[PDB]
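K.L.:
no sequence on this one, just coordinates:
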Ligand SMILES: [Cl-]
Ligand SMILES: [Cl-]
Ligand SMILES: [Cl-]
Ligand SMILES: [Cl-]
């Protein structure tokens, strides 16, 4: 008998983002890494888990960068523009990500890497009216899984609407605005928000919104302890038809012959203290059943929610597990909202 009847006022404004749109200004944006040169495509194709060659001109693709054992080192959004490949690795990885690419940039490979991260400020949009907000600020047209250069400079990433376990997680757009145009774009967005009833999300409400959509993130759910298929992201981040790449054989073996021991799961719990990842225990025998990787409050669900990994024998919705202090968590369907 768990209390999932609560009022969690600190994240009540995700409701507006789910119905209209939410605006978020990250403190640390994803880096903006560009790859140029005659061998840029072959170079990146051999290290990304995604098929970069097949990708069209204004398309966006998700990829992992794996180690040789197929554990996740990074994720990135990947776009093409002119004779360049644009890569957006996770926030705070600009040096480590560039070093990882240079590890595979061998003698006489015709590719060059440039870090353009200080040229842009990131603004994020979420929710059903995201395209209408873009159409107001900018000209031409927009759709899911797209990568566009803005006429003024800068870029727009519109994520695919399907993400973990091919679930529809709604619209998400990332705007990389040239520094000198930032304060103007911000003023334009504040007017649009106030007039059209969207909401300015703070970091805790932005994270609650993403957790309500079941979205796994680097470094909590996506890191070198896990495989892309464990994370529910091999359908959007891995190609099983492409040629040689780092981690390909273990990725493929897991898929066709191996057995997935654990999988990304949603959790519901009652009502900052916990040290993540937290071990989850089976109440019957006290054995390890999974791990909880992050939590948020959800006013919509009236309880805490979280993401993590569940062993196969406990994956059914409604399965009850224990935290180390014996608070109960219940496996829940994704997305939560
Ligand atoms: Cl590696
Ligand atoms: Cl270089
Ligand atoms: Cl899409
Ligand atoms: Cl586990």
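P.N.:
Here it is on my side, so go on. Numbers count the residues shown, from 1 in each chain. Ligands and ions are numbered 1, 2, ... in the order given.
K.L.:
count of neighbours near whichever residue of the chain sits closest to ligand 2?
P.N.:
The nearest approach of the chain to ligand 2 comes at residue 113, 4.0 Å away (C-beta to the ion). For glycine as for every other residue, the C-beta is placed from the backbone atoms N, C-alpha and C. By the criterion of other C-beta atoms under 10 Å, residue 113 has 19 neighbours.
K.L.:
and it, that one's in a strand?
P.N.:
Yes - secondary structure of residue 113 (DSSP: H, G, I helix; E, B strand; the rest coil): part of a strand.
K.L.:
enumerate every residue touching it.
P.N.:
Applying C-beta atoms under 8 Å, 6 or more residues apart in numbering, we find residue 113 in contact with 33, 34, 35, 98, 101, 102, 105.
K.L.:
tell me the centre residue of this structure?
P.N.:
residue 217 (4.7 Å; C-alpha atoms, centre = their mean).
K.L.:
the closest residue to ligand 3 within the stretch 101-250 of the chain: neighbouring residues, count only.
P.N.:
Here the residue of the stretch 101-250 of the chain nearest ligand 3 is residue 144; by C-beta to the ion that distance is 2.6 Å. Neighbour count for residue 144, taken as other C-beta under 10 Å: 17.
K.L.:
likewise the one 3 residues further on?
P.N.:
Using other C-beta under 10 Å, residue 147 has 22 other residues around it.
K.L.:
try residue 224
P.N.:
Neighbourhood size, residue 224 [other C-beta under 10 Å]: 13.
K.L.:
thought it was touching residue 70?
P.N.:
No - using C-beta atoms under 8 Å, residue 224 is not in contact with residue 70; the gap is 10.2 Å.
K.L.:
which stretch of helix or strand covers residue 184?
P.N.:
Assigned by DSSP states H and E, residue 184 belongs to helix 182-196.
K.L.:
quickly list what the residue lying closest to residue 126 once chain neighbours are set aside is bridged to.
P.N.:
In space, and not counting its chain neighbours, residue 126 is closest to residue 22: 4.5 Å by C-beta to C-beta, 6 or more residues apart in numbering. Beta-bridge partners recorded for residue 22 (DSSP bridges): residue 126, residue 199.
K.L.:
check contacts around residue 22.
P.N.:
Contacts of residue 22 by C-beta under 8 Å, 6+ apart are 13-14, 16, 125-127, 198-201, 205-206, 209.
K.L.:
got it, and residue 152?
P.N.:
178, 181.
K.L.:
quick one on the thing from earlier: now the contacts of residue 22 in TSV, with distance to residue 258 and neighbour count?
P.N.:
Formatted as TSV, these follow (distance: C-beta to C-beta, whole Å; neighbours: other C-beta atoms under 10 Å):
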residue	distance to residue 258	neighbour count
13	43	17
14	37	30
16	43	19
125	38	25
126	35	27
127	38	23
198	44	24
199	44	22
200	45	17
201	39	24
205	39	24
206	36	22
209	34	29
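K.L.:
on that earlier part again, surely the residue of the stretch 101-250 of the chain closest to ligand 3 touches residue 157?
P.N.:
No - counting by C-beta under 8 Å, residue 144 stays clear of residue 157, with 10.7 Å between them.
K.L.:
which of the helices or strands spans residue 251?
P.N.:
In this structure, residue 251 sits in helix 248-256 according to DSSP H and E.
K.L.:
not counting its own residues, what contacts that helix?
P.N.:
By C-beta under 8 Å, 6+ apart, helix 248-256 touches 49, 66, 68-70, 227-229, 234, 238, 240, 242, 260.
K.L.:
what are the ranges of the strands in the stretch 51-200 of the chain?
P.N.:
60-66, 72-81, 84-88, 112-115, 120-126, 146-149, 155-158, 172-178, 199-200 (DSSP state E, counting those that start in this stretch).
K.L.:
most packed of those strands?
P.N.:
strand 60-66 (a mean of 24; mean count of other C-beta atoms under 10 Å).
K.L.:
and it, how far out from the chain's middle?
P.N.:
Per C-alpha atoms, centre = their mean, to the nearest Å, the displacement of strand 60-66 from the mean C-alpha position of its chain is 11 Å.
K.L.:
from residue 49, how far off is residue 58?
P.N.:
22 Å (C-beta to C-beta, to the nearest Å).
K.L.:
let me redo that: residue 305
P.N.:
Taken as C-beta to C-beta, the span from residue 305 to residue 49 is 28 Å.
K.L.:
so what's the residue of the stretch 51-200 of the chain found nearest ligand 4 closest to, chain neighbours aside?
P.N.:
Nearest to ligand 4 in the stretch 51-200 of the chain, going by C-beta to the ion, is residue 71, at a distance of 14.1 Å. Excluding the flanking residues, the one nearest residue 71 by C-beta to C-beta, 6+ apart is residue 224, at 4.4 Å.
K.L.:
can you pull the contacts of the one you found?
P.N.:
Here residue 224 is in contact with 67, 71, 72, 73 (C-beta under 8 Å, 6+ apart).
K.L.:
could those residues go into JSON lines alongside distance to residue 282?
P.N.:
Formatted as JSON lines, the contacts of residue 224 follow (distance: C-beta to C-beta, whole Å):
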{"residue": "67", "distance to residue 282": "30"}
{"residue": "71", "distance to residue 282": "25"}
{"residue": "72", "distance to residue 282": "26"}
{"residue": "73", "distance to residue 282": "31"}
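K.L.:
ok, and of the residues you listed, which contact ligand 2?
P.N.:
When C-beta under 5 Å from the ion is applied, no member of the contacts of residue 224 is adjacent to ligand 2.
K.L.:
no further questions, thank you.
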